[PDB]
Structures are given as C-alpha cells and as structure tokens.
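What follows draws every value from the coordinates through simple rules; no lab data is involved. When we count neighbours, we look across all protein chains shown, and the Cβ atoms used for this are built from the backbone with ideal geometry, even at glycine.
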Amino acid sequence: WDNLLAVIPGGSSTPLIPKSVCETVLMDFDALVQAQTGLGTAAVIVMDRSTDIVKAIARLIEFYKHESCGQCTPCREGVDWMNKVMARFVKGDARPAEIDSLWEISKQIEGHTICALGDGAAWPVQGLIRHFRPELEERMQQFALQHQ
Amino acid sequence: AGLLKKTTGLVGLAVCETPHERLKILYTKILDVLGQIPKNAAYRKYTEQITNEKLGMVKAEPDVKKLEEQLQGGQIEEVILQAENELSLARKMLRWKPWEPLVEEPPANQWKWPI
Amino acid sequence: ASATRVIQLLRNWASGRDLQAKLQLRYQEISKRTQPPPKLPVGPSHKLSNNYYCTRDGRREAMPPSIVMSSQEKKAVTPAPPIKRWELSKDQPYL
Ligand code: SF4
C-alpha cells in the first residue's frame, strides 16, 4: 500500500486519486462522484512512488491527442495545446501561474465540446492539478536550477 | 458684522454697508410676489421652502460674518445679488406659468439616440 | 562659464543676483544621449492566470442613460453641495 502513489480509479478519463483520497473510498458510482472522479469502466490502474505522475498522464494525454477526431474546435485545439504545455511540465518548463492556466483551459474545453471526449480529457489533468499541486511546483522548481 | 470689509474681491460687485436688513426686505418681497402663483405650483413650494427658512436666521442672527456659513453661498454682498436674481425669476415665471402639461409631445422618436 | 571673473561681477552686480549658480544654457549636467536600453513593465492584466475579458469590459459595461422621468412632502435639493470657500495660501497668501 505504501508503494502506490496514486490510482487511476475506473478509466483514463476518470481523474486519478492518491492514497490520501483512496484510503477508504468504495468503488461505487456515488462514492466515486463525490471523490471527484468516476467509476466508469472500473479500469483501476495502481501507480507507485517510483514512477512520475506527470509522465504517467503524459502518455495518457498524448494518447488523447492521438484520438481526438478534430470535429469541434475545443477538442481539436485544446488537447493539442494541452500536450505541448504538459510536455514542458514533464521537464518543468513553466512558471507557477501555468498550472492555473492549465486549470483555466481545462475548464474551457470541459463541456464545450460536441462529445464527452473533450471533458473526458479535462478530468484526468484536472485531477492531477488538484491533487499533486506541490509535485508540479517542485519538479518545475527543479527544472529552473538544473538549467540555471 | 464687525468692521466693514473694504472690498469683496470681485470687481464690479461693491460692499453693502447695511446687508442684513436688505437681505430681509428682499426675502419678504419674493414671498410677497410668490403670493400670486397658486398653491399647487411646485416652484412656489420650493422657494416658499428656502425663503422663510433662509429668512429665519438672517432675522435672528445679525452677524453677517456668521451669515456666510449660514447660507454657504459665499459673501453676503452677492447673496443679496442672488436674492435679486430670484426676485427676477419670480417676475419672469409669473408669465411663463409652466404648470400646464407639455406644449407638444416630442414628434415621434426624435429622441432615442443612436439612430 | 569661459567668462572671466571680472565679467561675472559685472553680470552679477547689474542683475543684482548671482548667475553662475544657474545659467540659461546647458552644460555637462545633461544626461548622455546614449542611455542604456530600457526594460518597460508589463500590464496589470498581463497574467496568464485568470484574466478573462468577461471581467474588464469598459466599452461593454457602458449603459444607455438611465430613464428617470419621461413624458410618455417634497424636499429641496441641489445638483451638488455648494462649493467650499478655500482658505488663503499657507506659503504666501498676499503677493
Ligand atoms: S471532443 Fe469529440 S467531437 Fe470534439 S474534436 Fe474531440 S473527438 Fe471530435
């Protein structure tokens, strides 16, 4: 249990949750909804301290960019924009306010898309922002001094 | 009151040496001419409101130096000038009589900018 | 500046004041005409955090004039409080 840093609860779209949230929650629709996620397809992916969460959702959001049909502007443009800024986040090439922007454009594509893939892309990054905020700051902070 | 101030600081407007009673007799005069205009008139009610009220302390308080801030309208020597102007208005709108409804409603939508 | 002292007394005495303290023309005191490049600030709303134009809509927040009375016991008021007699100059009231 101590090894697992966070868990994808029920699907890639469903925002991942850490041990601090998943210590007692039952995998049910109502409890998942109040856990700021969803059970969806019960795709439970457990993920440990060793692996980096930003890299974990990096491949997910890269996959999402590889699957948007491009029909509506928010999904066609926003997901690609998310991929580029997040790729910097893996190294940490941003400022404190970029997480707030990544928060901002996530809400912009949340629900404004024709289909539920756009907000389906909002939720994973949205959960990542809300939970491991200090992790983003320190990895981004590490980016600054190593490339001083 | 006190020593008669040499000049008012406004060229053309002189200093009246007996200002308090001149302001008195003016204020009665506008009250007098305001008798003609019937009671329902709003202009009458407005100036029958500020005349006697402003006639109050000028009748009571005799010091024109304190009368400056009693009326908060600058020097007394031009307050009476303004009082004369109010008397001129009473004479003027005794002809105007604007208590009737509008002469004309505005022709169609001549107002309502923009076009 | 060039001007010898005996000339300076003549100018100072005739005008009744000392002029070498400050002169009409310029001298080395001016800033050099090759000032370093500047680093002009950014706008107050330049942040890439929440900055939606839905907040600042100066042109759009304008409202057509408010309707108060249209053709289609009372108090007496004034458009503004009467002005306040400002006091004399503290540094030099009577010039
Ligand atoms: S959100 Fe759906 S409809 Fe819009 S571009 Fe993406 S896949 Fe197409």
Q: Would you order A:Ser68, C:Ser15 from fewest to most other beta-carbon atoms within 10 Å of each residue's own beta-carbon?
A: C:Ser15, A:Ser68
Q: Give, in whole angstrom and from largest to smallest, the semi-axes √(5λ) of the equivalent ellipsoid of the range A:1-144, with λ running over the eigenvalues of the Cα gyration tensor.
A: 22, 21, 12
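Which peptide among A:125-132, A:138-145 comes first, and what is the full order, when sorted by highest mean count of other Cβ atoms within 10 Å? Walk me through the intermediate numbers first.
On the way: A:125-132: 19.5, A:138-145: 13.9.
Listed from highest to lowest mean packing, they are A:125-132, A:138-145.
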**Q.** HN-Hα J in Hz across the range C:45-50 - Karplus 6.51, -1.76, 1.60, θ = phi - 60°, x for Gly and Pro
**A.** 9, 7, 5, 8, 7, 3
(Q) For peptide C:43-49, what's the mean number of Cβ atoms from other chains within 10 Å of each residue's Cβ? (A) 3
Q.
Quick check for you: which residues of the range A:86-100 have the amide N under 16 Å from the point 7 Å beyond the Cα of C:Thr55 toward its beta carbon?
A. A:97-100
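Mind running the shape call on the range A:40-116? Use the C-alpha gyration tensor, a ≥ b ≥ c as the square roots of the eigenvalues: rounded below 1.5 for a/c, prolate if a/b tops b/c, oblate otherwise. Mind showing how you got there, number by number?
Numbers: a/c = 1.89, a/b = 1.18, b/c = 1.60.
Oblate.
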Q) When N is the residue count of chain B, what does its C-alpha Rg come to as a fraction of 2.2 N^0.38 Å? A) 1.41
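Quote the relative contact order of chain A in percent (integer), defining contacts as alpha-carbon pairs under 8 Å separated by 6+ residues. Could the numbers behind the result be given before it?
Working: 197 pairs, mean separation 37.8, N = 148.
Here the relative contact order equals 26 percent.
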Q: Compute the separation of the alpha-carbon centres of the range B:1-69 and the range A:19-43 and state it in Å as a whole number.
A: 83 Å
Q. So what is the 222 nm mean residue ellipticity for chain C from helices alone, if each DSSP H run of at least 4 adds -39500 (n - 2.57) and you divide by all residues, rounding to the nearest 500 deg cm²/dmol?
A. -3500 deg cm²/dmol
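What does the C-alpha gyration tensor say about the overall shape of the protein assembly as shown? Classify as rounded when a/c is under 1.5, otherwise prolate if a/b is larger than b/c, or oblate. Mind showing how you got there, number by number?
Numbers: a/c = 3.58, a/b = 1.77, b/c = 2.03.
The shape class here is oblate.
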(Q) What distance in nm lies between label points placed 7 Å from Cα along the C-beta direction at B:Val33 and B:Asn85? (A) 1.5 nm
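Pick out, in residue order, every one of the GluC sites (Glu not before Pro) in the range B:79-110 that is DSSP loop and has at most 16 other C-beta atoms within 10 Å; say none if there are none.
On the way: sites: B:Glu84, B:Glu86, B:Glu104; in loops: B:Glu104.
Within the range B:79-110, the qualifying GluC sites (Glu not before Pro) (loop, at most 16 other Cβ atoms within 10 Å) are B:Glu104.
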Q | Modelled label reach - A:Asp2, point 7 Å along Cα→Cβ, the range A:49-69 residues with backbone N closer than 19 Å | A | A:49-51
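Could you put A:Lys65, C:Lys84, A:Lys19 in order, starting from the residue whose Cβ has the fewest other Cβ atoms within 10 Å? Kindly include the intermediate steps, with their values, before the conclusion.
Values: A:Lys65 19, C:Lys84 8, A:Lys19 14.
Arranged by neighbour count, lowest to highest, A:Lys65, C:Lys84, A:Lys19 become C:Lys84, A:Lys19, A:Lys65.
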Q.
Compute the helix-to-body angle for B:76-96: its Cα long axis versus the longest principal axis of chain B, expressed 0 to 90° and rounded to tens.
A. 30 degrees
Q: Please list the non-local residues whose amide H lies under 5 Å from the amide H of A:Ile45, H modeled 1.01 Å from N, same-chain partners needing a gap of 5 or more.
A: A:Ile8
Q | Inter-label distance for C:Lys32 and A:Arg133, nm, one decimal - labels placed 7 Å from Cα along Cα-to-Cβ | A | 4.9 nm
Q | B:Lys5-C:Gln92 FRET efficiency (beta carbon distance; Förster radius 30 Å; 0.05 resolution) | A | 0.90
(Q) Using Cα springs under 10 Å in a Gaussian network model of chain B, which residue among B:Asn40, B:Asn85, B:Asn52 shows the largest mean-square fluctuation? (A) B:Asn40
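Sorted from fewest to most neighbouring beta carbons within 10 Å, what does the list C:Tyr94, B:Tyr27, B:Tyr43 look like?
Details: C:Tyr94 5, B:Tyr27 23, B:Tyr43 16.
Going from least to most buried by this count: C:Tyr94, B:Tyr43, B:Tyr27.
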Q. For the range C:1-89, rounded, prolate or oblate, judged on the Cα gyration tensor with a ≥ b ≥ c (square roots of eigenvalues), a/c < 1.5 rounded, else prolate if a/b > b/c?
A. oblate
